[PDB]
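Asks: Next comes the structure file target27.cif, holding mmCIF, C-alpha atoms.
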```cif
data_start
#
loop_
_atom_site.label_atom_id
_atom_site.label_comp_id
_atom_site.auth_asym_id
_atom_site.auth_seq_id
_atom_site.Cartn_x
_atom_site.Cartn_y
_atom_site.Cartn_z
CA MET A 1 38.58 -36.95 -37.79
CA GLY A 2 40.90 -34.10 -36.89
CA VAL A 3 38.79 -32.72 -34.06
CA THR A 4 41.87 -31.97 -31.98
CA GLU A 5 42.44 -28.46 -30.63
CA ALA A 6 43.41 -26.29 -33.58
CA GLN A 7 46.29 -23.92 -32.91
CA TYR A 8 45.06 -21.68 -35.72
CA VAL A 9 41.77 -19.95 -35.03
CA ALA A 10 41.48 -16.20 -35.55
CA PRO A 11 38.85 -14.24 -37.56
CA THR A 12 40.45 -12.50 -40.54
CA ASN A 13 37.76 -9.83 -40.67
CA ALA A 14 35.59 -8.33 -37.91
CA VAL A 15 32.49 -9.87 -39.51
CA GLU A 16 33.96 -13.36 -39.05
CA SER A 17 34.29 -12.67 -35.33
CA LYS A 18 30.60 -13.51 -34.98
CA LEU A 19 31.02 -16.95 -36.59
CA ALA A 20 32.64 -18.27 -33.42
CA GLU A 21 29.53 -17.26 -31.50
CA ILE A 22 27.03 -18.79 -33.92
CA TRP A 23 28.69 -22.13 -34.70
CA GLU A 24 31.75 -22.74 -32.50
CA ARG A 25 29.76 -21.92 -29.35
CA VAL A 26 27.23 -24.68 -30.17
CA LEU A 27 28.24 -27.11 -32.91
CA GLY A 28 31.97 -26.75 -32.31
CA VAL A 29 33.04 -26.51 -28.66
CA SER A 30 35.89 -28.91 -29.52
CA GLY A 31 38.26 -26.10 -30.44
CA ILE A 32 38.67 -26.43 -34.19
CA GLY A 33 39.24 -23.80 -36.85
CA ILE A 34 39.78 -23.26 -40.58
CA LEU A 35 41.97 -26.37 -40.75
CA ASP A 36 39.39 -28.72 -42.32
CA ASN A 37 36.73 -30.40 -40.20
CA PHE A 38 33.10 -31.59 -40.10
CA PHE A 39 31.98 -28.02 -40.91
CA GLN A 40 34.57 -26.62 -43.34
CA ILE A 41 33.52 -29.32 -45.81
CA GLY A 42 29.96 -28.01 -45.66
CA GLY A 43 26.69 -29.13 -44.15
CA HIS A 44 22.98 -28.44 -43.73
CA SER A 45 23.73 -26.63 -40.45
CA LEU A 46 21.45 -26.60 -37.41
CA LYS A 47 20.56 -22.91 -37.16
CA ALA A 48 18.38 -20.35 -38.96
CA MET A 49 21.50 -19.11 -40.76
CA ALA A 50 20.94 -21.95 -43.23
CA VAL A 51 17.98 -19.99 -44.59
CA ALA A 52 20.29 -17.16 -45.66
CA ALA A 53 22.20 -19.70 -47.75
CA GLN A 54 19.34 -21.81 -49.13
CA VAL A 55 17.40 -18.74 -50.20
CA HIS A 56 20.43 -16.82 -51.51
CA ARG A 57 21.79 -19.68 -53.59
CA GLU A 58 18.28 -20.59 -54.76
CA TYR A 59 17.97 -24.16 -53.44
CA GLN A 60 21.42 -25.66 -52.91
CA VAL A 61 20.02 -29.13 -52.18
CA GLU A 62 23.40 -30.88 -52.09
CA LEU A 63 26.41 -28.57 -51.91
CA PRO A 64 26.28 -24.93 -50.72
CA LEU A 65 28.55 -23.70 -53.51
CA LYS A 66 28.73 -19.96 -54.18
CA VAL A 67 27.13 -18.82 -50.93
CA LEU A 68 29.85 -18.75 -48.26
CA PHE A 69 33.15 -20.40 -49.21
CA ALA A 70 33.27 -18.28 -52.36
CA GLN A 71 34.21 -14.89 -50.95
CA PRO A 72 37.04 -14.22 -48.47
CA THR A 73 35.74 -10.70 -47.92
CA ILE A 74 32.35 -11.23 -46.26
CA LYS A 75 32.25 -7.57 -45.22
CA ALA A 76 32.18 -6.68 -48.93
CA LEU A 77 28.93 -8.60 -49.30
CA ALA A 78 27.27 -7.15 -46.20
CA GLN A 79 27.89 -3.62 -47.49
CA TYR A 80 25.87 -4.57 -50.58
CA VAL A 81 23.08 -6.99 -49.68
CA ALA A 82 21.91 -7.29 -46.08
CA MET B 1 39.23 -11.83 -25.34
CA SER B 2 37.37 -8.98 -27.02
CA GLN B 3 38.25 -5.46 -28.14
CA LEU B 4 36.02 -2.45 -27.51
CA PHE B 5 36.37 1.28 -28.16
CA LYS B 6 34.38 3.81 -26.14
CA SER B 7 34.47 7.57 -25.55
CA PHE B 8 31.78 9.09 -23.33
CA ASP B 9 31.66 12.64 -22.01
CA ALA B 10 29.28 13.85 -19.28
CA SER B 11 27.08 10.81 -20.03
CA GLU B 12 25.81 12.48 -23.21
CA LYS B 13 24.57 9.47 -25.21
CA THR B 14 26.06 5.98 -25.13
CA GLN B 15 25.52 4.23 -28.46
CA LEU B 16 26.75 0.65 -28.92
CA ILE B 17 27.47 -0.52 -32.47
CA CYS B 18 28.38 -4.18 -33.03
CA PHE B 19 30.60 -4.05 -36.13
CA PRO B 20 29.12 -1.52 -38.61
CA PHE B 21 30.04 -0.62 -42.20
CA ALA B 22 30.14 2.29 -44.63
CA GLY B 23 26.60 2.99 -45.75
CA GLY B 24 24.04 5.67 -46.49
CA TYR B 25 22.67 5.44 -42.95
CA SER B 26 25.89 6.96 -41.63
CA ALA B 27 25.87 9.68 -44.30
CA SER B 28 22.39 10.61 -43.07
CA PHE B 29 22.82 10.20 -39.30
CA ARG B 30 26.23 11.92 -39.09
CA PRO B 31 25.04 15.44 -40.17
CA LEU B 32 21.80 15.01 -38.23
CA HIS B 33 23.31 14.07 -34.86
CA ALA B 34 26.12 16.60 -35.36
CA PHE B 35 23.60 19.41 -35.78
CA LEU B 36 21.19 18.16 -33.11
CA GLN B 37 23.72 17.12 -30.46
CA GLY B 38 27.39 17.28 -29.57
CA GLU B 39 30.06 15.44 -27.57
CA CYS B 40 28.19 12.19 -28.23
CA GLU B 41 29.73 8.83 -27.36
CA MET B 42 31.23 6.76 -30.17
CA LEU B 43 31.25 3.25 -28.73
CA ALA B 44 32.05 0.63 -31.34
CA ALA B 45 33.11 -3.01 -31.18
CA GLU B 46 36.55 -3.98 -32.43
CA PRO B 47 37.47 -7.16 -34.36
CA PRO B 48 39.06 -9.74 -32.01
CA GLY B 49 41.30 -12.70 -32.84
CA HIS B 50 43.74 -12.50 -29.95
CA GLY B 51 43.13 -12.30 -26.21
CA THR B 52 43.94 -9.09 -24.37
CA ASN B 53 42.39 -8.64 -20.94
CA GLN B 54 38.63 -9.15 -20.58
CA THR B 55 35.46 -9.30 -22.66
CA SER B 56 32.58 -6.84 -22.99
CA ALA B 57 29.62 -8.88 -24.28
CA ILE B 58 27.06 -6.20 -23.27
CA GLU B 59 28.35 -6.45 -19.69
CA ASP B 60 30.52 -3.46 -20.57
CA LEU B 61 27.62 -1.22 -19.54
CA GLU B 62 27.74 -2.64 -16.01
CA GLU B 63 31.53 -2.59 -16.14
CA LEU B 64 31.46 1.19 -16.63
CA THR B 65 29.25 1.78 -13.60
CA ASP B 66 31.20 -0.79 -11.58
CA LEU B 67 34.64 0.60 -12.43
CA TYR B 68 33.99 4.35 -12.62
CA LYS B 69 31.32 4.42 -9.91
CA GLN B 70 33.13 1.88 -7.71
CA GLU B 71 32.55 4.21 -4.76
CA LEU B 72 28.78 3.76 -5.07
CA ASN B 73 26.35 2.49 -7.69
CA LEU B 74 23.31 4.73 -8.03
CA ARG B 75 21.86 3.81 -11.43
CA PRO B 76 23.27 3.09 -14.93
CA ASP B 77 22.08 4.50 -18.27
CA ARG B 78 18.38 4.18 -19.07
CA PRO B 79 18.07 4.67 -22.89
CA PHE B 80 20.18 1.74 -24.05
CA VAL B 81 20.51 1.33 -27.81
CA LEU B 82 22.07 -1.67 -29.53
CA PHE B 83 23.14 -1.35 -33.15
CA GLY B 84 24.93 -3.74 -35.48
CA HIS B 85 24.32 -5.85 -38.56
CA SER B 86 22.03 -8.72 -39.55
CA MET B 87 23.55 -12.14 -38.87
CA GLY B 88 22.47 -14.13 -35.83
CA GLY B 89 23.96 -12.82 -32.61
CA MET B 90 21.44 -14.64 -30.43
CA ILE B 91 23.99 -14.84 -27.62
CA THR B 92 24.61 -11.09 -27.66
CA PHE B 93 20.87 -10.43 -27.97
CA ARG B 94 20.20 -12.73 -25.02
CA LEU B 95 22.66 -10.76 -22.91
CA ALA B 96 21.19 -7.42 -23.97
CA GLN B 97 17.47 -8.21 -23.60
CA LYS B 98 18.17 -10.04 -20.34
CA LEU B 99 20.12 -7.14 -18.84
CA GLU B 100 17.46 -4.67 -19.97
CA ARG B 101 14.52 -6.57 -18.45
CA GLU B 102 16.40 -7.13 -15.17
CA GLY B 103 17.78 -3.61 -15.19
CA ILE B 104 14.80 -1.43 -16.02
CA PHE B 105 11.37 -2.77 -16.96
CA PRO B 106 9.79 0.61 -18.01
CA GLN B 107 12.12 0.97 -21.00
CA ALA B 108 11.34 3.92 -23.25
CA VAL B 109 13.52 3.19 -26.28
CA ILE B 110 13.87 -0.42 -27.39
CA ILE B 111 15.20 -1.74 -30.69
CA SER B 112 14.41 -5.14 -32.17
CA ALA B 113 17.33 -6.08 -34.40
CA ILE B 114 17.95 -9.29 -36.37
CA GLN B 115 14.26 -10.21 -36.17
CA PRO B 116 13.74 -13.81 -37.42
CA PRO B 117 11.50 -14.42 -40.49
CA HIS B 118 9.46 -16.92 -38.46
CA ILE B 119 6.60 -16.48 -36.02
CA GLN B 120 5.45 -18.60 -33.06
CA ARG B 121 1.99 -20.24 -33.15
CA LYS B 122 -0.29 -17.19 -33.33
CA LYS B 123 -3.78 -17.12 -34.85
CA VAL B 124 -4.58 -14.02 -36.89
CA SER B 125 -7.27 -13.26 -39.47
CA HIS B 126 -4.56 -11.82 -41.71
CA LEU B 127 -4.44 -14.51 -44.40
CA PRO B 128 -5.75 -18.10 -44.77
CA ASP B 129 -2.12 -19.17 -45.17
CA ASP B 130 -0.86 -16.88 -42.39
CA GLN B 131 -1.42 -19.36 -39.58
CA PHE B 132 -0.02 -22.09 -41.85
CA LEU B 133 3.58 -20.91 -42.18
CA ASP B 134 3.20 -19.28 -38.77
CA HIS B 135 3.53 -22.46 -36.72
CA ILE B 136 5.49 -24.28 -39.44
CA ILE B 137 8.66 -22.26 -38.65
CA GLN B 138 10.69 -23.50 -41.64
CA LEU B 139 10.96 -20.79 -44.32
CA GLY B 140 12.45 -23.48 -46.55
CA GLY B 141 15.05 -24.79 -44.13
CA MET B 142 15.08 -23.99 -40.42
CA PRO B 143 16.66 -26.70 -38.22
CA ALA B 144 16.59 -24.31 -35.25
CA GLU B 145 13.69 -26.22 -33.69
CA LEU B 146 15.66 -26.21 -30.44
CA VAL B 147 16.32 -22.47 -30.65
CA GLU B 148 12.95 -21.00 -31.73
CA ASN B 149 11.70 -21.13 -28.12
CA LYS B 150 14.82 -19.22 -27.08
CA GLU B 151 14.74 -16.73 -29.96
CA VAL B 152 11.69 -15.14 -28.33
CA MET B 153 14.10 -13.63 -25.78
CA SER B 154 17.34 -13.90 -27.75
CA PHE B 155 16.36 -12.70 -31.23
CA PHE B 156 13.04 -10.86 -30.79
CA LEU B 157 10.33 -12.45 -32.94
CA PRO B 158 8.22 -10.20 -35.26
CA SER B 159 5.15 -11.13 -33.23
CA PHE B 160 5.29 -8.33 -30.65
CA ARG B 161 1.77 -9.25 -29.54
CA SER B 162 3.15 -12.63 -28.49
CA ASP B 163 6.45 -11.38 -27.06
CA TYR B 164 5.08 -8.92 -24.50
CA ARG B 165 2.22 -11.34 -23.79
CA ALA B 166 4.80 -14.04 -23.03
CA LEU B 167 7.03 -11.95 -20.80
CA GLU B 168 4.73 -9.46 -19.08
CA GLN B 169 1.47 -11.17 -20.08
CA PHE B 170 -0.52 -7.98 -19.53
CA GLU B 171 -1.66 -7.59 -23.11
CA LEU B 172 -5.41 -7.41 -23.63
CA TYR B 173 -7.49 -8.55 -26.60
CA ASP B 174 -7.30 -5.12 -28.19
CA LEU B 175 -3.91 -3.59 -28.92
CA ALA B 176 -5.11 -0.59 -30.88
CA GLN B 177 -4.64 3.06 -29.93
CA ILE B 178 -1.38 2.17 -28.17
CA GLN B 179 1.26 4.78 -28.95
CA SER B 180 3.68 6.37 -26.49
CA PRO B 181 7.16 4.68 -26.19
CA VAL B 182 9.83 4.17 -28.85
CA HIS B 183 10.54 0.89 -30.66
CA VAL B 184 12.43 0.16 -33.87
CA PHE B 185 11.85 -2.86 -36.12
CA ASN B 186 15.03 -4.06 -37.83
CA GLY B 187 14.94 -7.49 -39.43
CA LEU B 188 12.31 -9.75 -41.03
CA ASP B 189 14.37 -10.31 -44.17
CA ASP B 190 11.77 -12.64 -45.69
CA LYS B 191 8.41 -11.87 -44.10
CA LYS B 192 8.15 -8.12 -44.60
CA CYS B 193 4.36 -8.11 -44.82
CA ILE B 194 4.07 -9.51 -41.28
CA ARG B 195 5.12 -6.22 -39.65
CA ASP B 196 2.90 -4.35 -42.10
CA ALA B 197 -0.14 -6.49 -41.35
CA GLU B 198 0.16 -6.93 -37.59
CA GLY B 199 1.75 -3.53 -37.23
CA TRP B 200 -1.10 -1.76 -39.01
CA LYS B 201 -3.97 -3.95 -37.80
CA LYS B 202 -3.67 -2.06 -34.52
CA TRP B 203 -3.49 1.28 -36.38
CA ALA B 204 -1.14 2.58 -33.72
CA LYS B 205 1.87 4.74 -34.53
CA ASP B 206 4.09 5.56 -31.56
CA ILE B 207 5.85 8.87 -31.03
CA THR B 208 8.90 7.33 -32.68
CA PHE B 209 8.88 4.23 -34.86
CA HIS B 210 11.10 2.98 -37.67
CA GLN B 211 10.86 -0.02 -39.95
CA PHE B 212 14.03 -1.20 -41.66
CA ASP B 213 13.85 -4.60 -43.29
CA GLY B 214 16.32 -6.41 -45.52
CA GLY B 215 15.75 -8.94 -48.25
CA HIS B 216 16.60 -12.62 -47.98
CA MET B 217 13.43 -13.74 -49.77
CA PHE B 218 13.94 -15.80 -52.96
CA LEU B 219 12.78 -12.81 -55.03
CA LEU B 220 15.68 -10.71 -53.70
CA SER B 221 18.06 -13.63 -54.09
CA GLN B 222 17.17 -14.10 -57.74
CA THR B 223 16.54 -10.45 -58.58
CA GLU B 224 19.24 -8.60 -56.63
CA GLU B 225 18.22 -5.48 -58.57
CA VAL B 226 15.11 -5.26 -56.40
CA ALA B 227 17.11 -5.75 -53.21
CA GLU B 228 19.45 -2.90 -54.14
CA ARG B 229 16.52 -0.65 -55.09
CA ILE B 230 14.74 -1.37 -51.80
CA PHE B 231 17.84 -0.32 -49.88
CA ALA B 232 18.15 2.85 -51.96
CA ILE B 233 14.56 3.93 -51.28
CA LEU B 234 14.98 2.90 -47.64
CA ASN B 235 18.04 5.10 -47.11
CA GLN B 236 16.42 7.96 -49.02
CA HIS B 237 13.13 7.52 -47.16
CA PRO B 238 13.79 10.11 -44.36
CA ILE B 239 15.60 12.46 -46.75
CA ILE B 240 15.59 12.38 -50.55
CA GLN B 241 18.92 12.70 -52.34
CA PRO B 242 19.49 15.81 -54.50
#
```
Produce structure tokens that represent the structure in this file.
Replies:
Amino acid sequence: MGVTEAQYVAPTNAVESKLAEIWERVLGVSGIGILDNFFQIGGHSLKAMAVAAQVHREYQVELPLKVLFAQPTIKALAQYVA
Amino acid sequence: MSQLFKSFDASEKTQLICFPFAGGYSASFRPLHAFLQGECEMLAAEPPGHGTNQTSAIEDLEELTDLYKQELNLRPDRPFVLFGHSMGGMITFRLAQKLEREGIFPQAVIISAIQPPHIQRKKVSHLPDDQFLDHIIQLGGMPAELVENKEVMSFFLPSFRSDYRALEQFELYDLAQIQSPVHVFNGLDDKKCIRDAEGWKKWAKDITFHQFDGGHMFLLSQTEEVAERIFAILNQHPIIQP
């Protein structure tokens, strides 16, 4: 559903430039972006990066709220807690 | 489709930093390197988002020797150092470690960054529960079952005794009294005791070693106060603040 080539895909911050390598290069490949898709809605992921979320949000279980899609400035978090 | 900024002079010291930030490490390294050396290279990665010409992806090192030394290729830089931030650049790591092993085996200065909090089926008399979580590779949620076998050469697992014994396979039963090269440990956000146990069980301290771990463990997630304090004492470890 809406897996067509997105004409809007560019990392806002330098930190987000690595997201295309982690997810898009494996789970994506289709050519989607921040235009709503099977990932933007959230998921359990398929990489070790899920640990960083599950352990930082203290057991999300269902929805990964307040762990990623809560801060537009990811670089501001990295300069605080690695 | 990648931006890169470099500035080398007389092949002083090429340092590659994959997207850094303002921290205490810089405030400590800046005065140090400025007093110890000069005319050092300031190679840093730039945030993409729009194609330009080509892409570095660690191959920039070869690009330099291929473009500048187009007349003849003698030998590239030996002490390669890769810096950056914790995340999961397994692709970049794969490129780096691969190029290093195929470029120069007798490496003197190697850095293990973004070390995963999981091991890879190793039996140690560390703890009765050590070998339990060891081969369980979950940490509470790790669906990278298809990547763990790759991470050994694209992430650098904390089990150095298994890494070298998987690549070179020249490791003996005893690994004590081994200290000569340089290797930095940067990662293991959850399992911090693993590098302390296996790292000290051999009682070997190289000529240059550094341990910088983060804090993704539930205790740091709940009590961020501890995480911040750990970072403070980590930055002020080499030099105490006035």
Asks: Given all atoms listed in the file as the basis, pick out the residue of B:43, B:175, B:153, B:144 nearest to chain A.
Replies: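 Distance minimum relative to chain A lands on B:144.
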Asks: List every residue of chain B that has an atom at most 8 Å from any atom of chain A, and for each one report the closest atom pair and its distance in Å to one decimal, counting only C-alpha atoms, with rows sorted by chain and then by increasing residue number, as a tab-separated table.
Replies:
```
residue	atom	partner	partner_atom	distance
B:19	CA	A:14	CA	6.8
B:21	CA	A:79	CA	6.5
B:22	CA	A:79	CA	6.9
B:23	CA	A:79	CA	7.0
B:46	CA	A:14	CA	7.1
B:47	CA	A:14	CA	4.2
B:48	CA	A:17	CA	6.5
B:49	CA	A:10	CA	4.4
B:50	CA	A:10	CA	7.1
B:86	CA	A:82	CA	6.7
B:87	CA	A:49	CA	7.5
B:88	CA	A:22	CA	6.8
B:89	CA	A:22	CA	6.8
B:90	CA	A:22	CA	7.8
B:91	CA	A:21	CA	7.2
B:139	CA	A:51	CA	7.1
B:140	CA	A:51	CA	6.8
B:141	CA	A:51	CA	5.6
B:142	CA	A:48	CA	5.1
B:143	CA	A:46	CA	4.9
B:144	CA	A:47	CA	4.6
B:147	CA	A:47	CA	7.8
B:214	CA	A:82	CA	5.7
B:215	CA	A:82	CA	6.7
B:216	CA	A:52	CA	6.3
B:217	CA	A:55	CA	6.4
B:218	CA	A:55	CA	5.3
B:221	CA	A:56	CA	4.7
B:222	CA	A:58	CA	7.2
B:227	CA	A:81	CA	7.0
B:228	CA	A:81	CA	7.1
```
Asks: Quick one: residues within 8 Å of residue A:37, only C-alpha atoms counted, chain neighbours fewer than 3 positions away excluded, as a list in words?
Replies: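 Selected residues are residues 1, 2, 3, 32, 33, 34, 40 and 41 of chain A.
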Asks: Do you have the atom CA of residue B:44-atom CA of residue B:85 distance handy?
Replies: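 Atom CA of residue B:85 lies 12.4 Å from atom CA of residue B:44.
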Asks: Neighbourhood query: residues within 10 Å of (26.4, 3.2, -29.7), file coordinates, counting only C-alpha atoms; return as a list in words.
Replies: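 Protein, DNA and RNA residues close to (26.4, 3.2, -29.7): residues 6, 13, 14, 15, 16, 17, 18, 40, 41, 42, 43, 44, 45, 80, 81, 82, 83 and 84 of chain B.
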Asks: Find the residue from B:61, B:173, B:105, B:94 that sits nearest to residue B:150; use all atoms listed in the file when measuring.
Replies: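 Looking only at the distances to residue B:150, the closest residue turns out to be B:94.
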Asks: Tell me which of B:102, B:198, B:33, B:62 sits closest to residue B:74, counting all atoms listed in the file.
Replies: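 Using all atoms listed in the file, residue B:74 sits closest to B:62.
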Asks: Regenerate stretch 10-35 of chain A at the level of N, CA, C and O atoms and dump it as a PDB file, keeping the file's coordinate frame.
Replies:
```pdb
ATOM      1  N   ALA A  10      41.582 -17.637 -35.712  1.00  0.00           N
ATOM      2  CA  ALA A  10      41.480 -16.200 -35.550  1.00  0.00           C
ATOM      3  C   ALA A  10      40.740 -15.596 -36.742  1.00  0.00           C
ATOM      4  O   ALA A  10      41.138 -15.805 -37.886  1.00  0.00           O
ATOM      5  N   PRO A  11      39.644 -14.867 -36.493  1.00  0.00           N
ATOM      6  CA  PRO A  11      38.850 -14.240 -37.560  1.00  0.00           C
ATOM      7  C   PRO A  11      39.662 -13.223 -38.354  1.00  0.00           C
ATOM      8  O   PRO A  11      40.237 -12.294 -37.781  1.00  0.00           O
ATOM      9  N   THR A  12      39.715 -13.408 -39.669  1.00  0.00           N
ATOM     10  CA  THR A  12      40.450 -12.500 -40.540  1.00  0.00           C
ATOM     11  C   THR A  12      39.821 -11.117 -40.525  1.00  0.00           C
ATOM     12  O   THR A  12      40.515 -10.109 -40.377  1.00  0.00           O
ATOM     13  N   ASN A  13      38.506 -11.081 -40.670  1.00  0.00           N
ATOM     14  CA  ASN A  13      37.760  -9.830 -40.670  1.00  0.00           C
ATOM     15  C   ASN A  13      36.851  -9.763 -39.442  1.00  0.00           C
ATOM     16  O   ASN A  13      36.518 -10.795 -38.850  1.00  0.00           O
ATOM     17  N   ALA A  14      36.455  -8.553 -39.070  1.00  0.00           N
ATOM     18  CA  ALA A  14      35.590  -8.330 -37.910  1.00  0.00           C
ATOM     19  C   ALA A  14      34.249  -9.054 -38.045  1.00  0.00           C
ATOM     20  O   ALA A  14      33.664  -9.480 -37.051  1.00  0.00           O
ATOM     21  N   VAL A  15      33.760  -9.194 -39.270  1.00  0.00           N
ATOM     22  CA  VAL A  15      32.490  -9.870 -39.510  1.00  0.00           C
ATOM     23  C   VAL A  15      32.578 -11.350 -39.124  1.00  0.00           C
ATOM     24  O   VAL A  15      31.626 -11.919 -38.582  1.00  0.00           O
ATOM     25  N   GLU A  16      33.738 -11.950 -39.356  1.00  0.00           N
ATOM     26  CA  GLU A  16      33.960 -13.360 -39.050  1.00  0.00           C
ATOM     27  C   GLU A  16      34.032 -13.615 -37.552  1.00  0.00           C
ATOM     28  O   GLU A  16      33.934 -14.754 -37.101  1.00  0.00           O
ATOM     29  N   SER A  17      34.189 -12.549 -36.779  1.00  0.00           N
ATOM     30  CA  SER A  17      34.290 -12.670 -35.330  1.00  0.00           C
ATOM     31  C   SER A  17      32.988 -13.161 -34.711  1.00  0.00           C
ATOM     32  O   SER A  17      32.967 -13.626 -33.572  1.00  0.00           O
ATOM     33  N   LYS A  18      31.904 -13.070 -35.466  1.00  0.00           N
ATOM     34  CA  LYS A  18      30.600 -13.510 -34.980  1.00  0.00           C
ATOM     35  C   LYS A  18      30.356 -14.983 -35.297  1.00  0.00           C
ATOM     36  O   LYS A  18      29.472 -15.610 -34.716  1.00  0.00           O
ATOM     37  N   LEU A  19      31.163 -15.546 -36.198  1.00  0.00           N
ATOM     38  CA  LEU A  19      31.020 -16.950 -36.590  1.00  0.00           C
ATOM     39  C   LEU A  19      31.315 -17.881 -35.421  1.00  0.00           C
ATOM     40  O   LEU A  19      30.698 -18.939 -35.281  1.00  0.00           O
ATOM     41  N   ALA A  20      32.256 -17.475 -34.577  1.00  0.00           N
ATOM     42  CA  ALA A  20      32.640 -18.270 -33.420  1.00  0.00           C
ATOM     43  C   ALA A  20      31.509 -18.334 -32.393  1.00  0.00           C
ATOM     44  O   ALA A  20      31.415 -19.275 -31.604  1.00  0.00           O
ATOM     45  N   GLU A  21      30.648 -17.333 -32.420  1.00  0.00           N
ATOM     46  CA  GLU A  21      29.530 -17.260 -31.500  1.00  0.00           C
ATOM     47  C   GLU A  21      28.360 -18.108 -32.001  1.00  0.00           C
ATOM     48  O   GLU A  21      27.704 -18.808 -31.230  1.00  0.00           O
ATOM     49  N   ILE A  22      28.133 -18.063 -33.304  1.00  0.00           N
ATOM     50  CA  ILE A  22      27.030 -18.790 -33.920  1.00  0.00           C
ATOM     51  C   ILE A  22      27.262 -20.296 -33.990  1.00  0.00           C
ATOM     52  O   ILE A  22      26.412 -21.079 -33.559  1.00  0.00           O
ATOM     53  N   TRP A  23      28.410 -20.704 -34.520  1.00  0.00           N
ATOM     54  CA  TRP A  23      28.690 -22.130 -34.700  1.00  0.00           C
ATOM     55  C   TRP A  23      29.581 -22.736 -33.630  1.00  0.00           C
ATOM     56  O   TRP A  23      29.175 -23.685 -32.959  1.00  0.00           O
ATOM     57  N   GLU A  24      30.788 -22.206 -33.473  1.00  0.00           N
ATOM     58  CA  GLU A  24      31.750 -22.740 -32.500  1.00  0.00           C
ATOM     59  C   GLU A  24      31.172 -22.873 -31.094  1.00  0.00           C
ATOM     60  O   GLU A  24      31.448 -23.843 -30.395  1.00  0.00           O
ATOM     61  N   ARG A  25      30.353 -21.914 -30.690  1.00  0.00           N
ATOM     62  CA  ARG A  25      29.760 -21.920 -29.350  1.00  0.00           C
ATOM     63  C   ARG A  25      28.692 -23.007 -29.177  1.00  0.00           C
ATOM     64  O   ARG A  25      28.254 -23.258 -28.056  1.00  0.00           O
ATOM     65  N   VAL A  26      28.270 -23.654 -30.260  1.00  0.00           N
ATOM     66  CA  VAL A  26      27.230 -24.680 -30.170  1.00  0.00           C
ATOM     67  C   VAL A  26      27.625 -25.983 -30.842  1.00  0.00           C
ATOM     68  O   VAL A  26      27.690 -27.029 -30.197  1.00  0.00           O
ATOM     69  N   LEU A  27      27.881 -25.921 -32.143  1.00  0.00           N
ATOM     70  CA  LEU A  27      28.240 -27.110 -32.910  1.00  0.00           C
ATOM     71  C   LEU A  27      29.698 -27.500 -32.685  1.00  0.00           C
ATOM     72  O   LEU A  27      30.035 -28.686 -32.653  1.00  0.00           O
ATOM     73  N   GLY A  28      30.552 -26.499 -32.518  1.00  0.00           N
ATOM     74  CA  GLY A  28      31.970 -26.750 -32.310  1.00  0.00           C
ATOM     75  C   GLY A  28      32.286 -27.199 -30.904  1.00  0.00           C
ATOM     76  O   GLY A  28      32.185 -28.385 -30.590  1.00  0.00           O
ATOM     77  N   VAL A  29      32.687 -26.249 -30.059  1.00  0.00           N
ATOM     78  CA  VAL A  29      33.040 -26.510 -28.660  1.00  0.00           C
ATOM     79  C   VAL A  29      34.355 -27.291 -28.529  1.00  0.00           C
ATOM     80  O   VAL A  29      35.080 -27.145 -27.542  1.00  0.00           O
ATOM     81  N   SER A  30      34.672 -28.106 -29.529  1.00  0.00           N
ATOM     82  CA  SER A  30      35.890 -28.910 -29.520  1.00  0.00           C
ATOM     83  C   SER A  30      37.140 -28.032 -29.540  1.00  0.00           C
ATOM     84  O   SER A  30      38.106 -28.302 -28.827  1.00  0.00           O
ATOM     85  N   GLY A  31      37.113 -26.976 -30.343  1.00  0.00           N
ATOM     86  CA  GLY A  31      38.260 -26.100 -30.440  1.00  0.00           C
ATOM     87  C   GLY A  31      38.945 -26.209 -31.785  1.00  0.00           C
ATOM     88  O   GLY A  31      40.171 -26.199 -31.873  1.00  0.00           O
ATOM     89  N   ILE A  32      38.147 -26.318 -32.836  1.00  0.00           N
ATOM     90  CA  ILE A  32      38.670 -26.430 -34.190  1.00  0.00           C
ATOM     91  C   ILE A  32      38.653 -25.080 -34.894  1.00  0.00           C
ATOM     92  O   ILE A  32      38.138 -24.102 -34.351  1.00  0.00           O
ATOM     93  N   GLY A  33      39.207 -25.031 -36.097  1.00  0.00           N
ATOM     94  CA  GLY A  33      39.240 -23.800 -36.850  1.00  0.00           C
ATOM     95  C   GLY A  33      39.206 -24.049 -38.347  1.00  0.00           C
ATOM     96  O   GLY A  33      38.707 -25.086 -38.788  1.00  0.00           O
ATOM     97  N   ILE A  34      39.757 -23.124 -39.123  1.00  0.00           N
ATOM     98  CA  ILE A  34      39.780 -23.260 -40.580  1.00  0.00           C
ATOM     99  C   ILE A  34      40.926 -24.181 -41.006  1.00  0.00           C
ATOM    100  O   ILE A  34      41.778 -23.815 -41.816  1.00  0.00           O
ATOM    101  N   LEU A  35      40.938 -25.383 -40.448  1.00  0.00           N
ATOM    102  CA  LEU A  35      41.970 -26.370 -40.750  1.00  0.00           C
ATOM    103  C   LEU A  35      41.315 -27.683 -41.172  1.00  0.00           C
ATOM    104  O   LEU A  35      41.836 -28.763 -40.885  1.00  0.00           O
TER     105      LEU A  35
END
```
